[PDB]
Amino acid sequence: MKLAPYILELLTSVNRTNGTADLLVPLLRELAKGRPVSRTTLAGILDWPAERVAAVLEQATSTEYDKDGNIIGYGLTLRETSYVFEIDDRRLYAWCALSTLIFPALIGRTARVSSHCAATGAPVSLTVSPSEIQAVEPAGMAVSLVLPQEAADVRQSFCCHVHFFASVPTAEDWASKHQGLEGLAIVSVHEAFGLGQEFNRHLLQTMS
Ligand SMILES: [Br-]
Ligand SMILES: [Hg+2]
């Protein structure tokens, strides 16, 4: 299918203000270590004042913090979700299906991803590298997409509708009982991975 409007609206969304793109990649690489990330640690990596770092993060309303005020969730998260995302010996989680497909290229590591079909509850898993996916089980795995909304919180308007399914038929059956959700579409995990690749290329083509 035609992916340009998905890529465009997703890109538009992360350019909240200048900073997000350039903050996003180091933050993900820190979260991938499996521990909470301090605002000062980010500042060291970015060479920004911590208050600039906070100014970027305050625009991102779904950012998760722990009891110590450290960052534990931003696309990748230490707080349990349906999308398990393991790097090395650390279990991490992700906000949605497409996240799991995108973030391995950004952090430069292969991830072991596992979830459950949102229609049937069947387990699903794959290995996601910066350049390819492997071990897709079951092989006909599918992904739901919706159109992101620009000024909406990305987690509540996009991530919460973007799931893994055991198969395209299963997913399409499920989709026929959702309506009004703008841009709802079912694709194979391969097409979603390709989507994530175009997204990343565009997003990286515009950092410092
Ligand atoms: Br188009
Ligand atoms: Hg997402």
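The residues of the chain are indexed from 1 along the displayed sequence. Order of appearance sets the numbers: ligands from 1, and atoms from 1 within every ligand.
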(message) Listing request: all side chain to side chain donor-acceptor pair (under 3.5 Å) pairs with a residue in residues 122-133, at least two apart in sequence or in separate chains.
(response)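 As it turns out, the side chain to side chain donor-acceptor pair (under 3.5 Å) pairs with a partner in residues 122-133, which skip direct neighbours, are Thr110-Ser129, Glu132-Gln134.
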
(request) Decide whether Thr17 and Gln59 meet the rule of one side-chain donor and one side-chain acceptor closer than 3.5 Å. (result)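 Their side chains do not contain a donor-acceptor pair, so the 3.5 Å distance test is not met.
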
(message) Please enumerate all residues that pass salt bridge (charged side-chain N to carboxylate O under 4.0 Å, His left out) together with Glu58, with sequence neighbours excluded.
(response) none

(message) Strictly by ring-ring contact (aromatic ring centres under 6.0 Å, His included), give each pair with a member in residues 162-190 just once, sequence neighbours left out.
(response)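 Qualifying pairs, neighbours excluded: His163-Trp174, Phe165-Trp174, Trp174-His178.
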
(request) Determine how many protein N/O/S atoms sit closer than 3.0 Å to the Hg ion (ligand 2), leaving waters out since they are not shown. (result) 2

(message) Donor-acceptor check, side chain of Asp66 to backbone of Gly69, threshold 3.5 angstrom: yes or no?
(response)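 Yes; judged by distance alone, with no hydrogens or angles, the pair exists.
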
(message) Looking at every heavy atom in both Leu28 and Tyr74, which two are closest together, and how far apart are they?
(response)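 Closest heavy-atom pair between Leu28 and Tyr74: CD2-O, 3.4 Å.
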
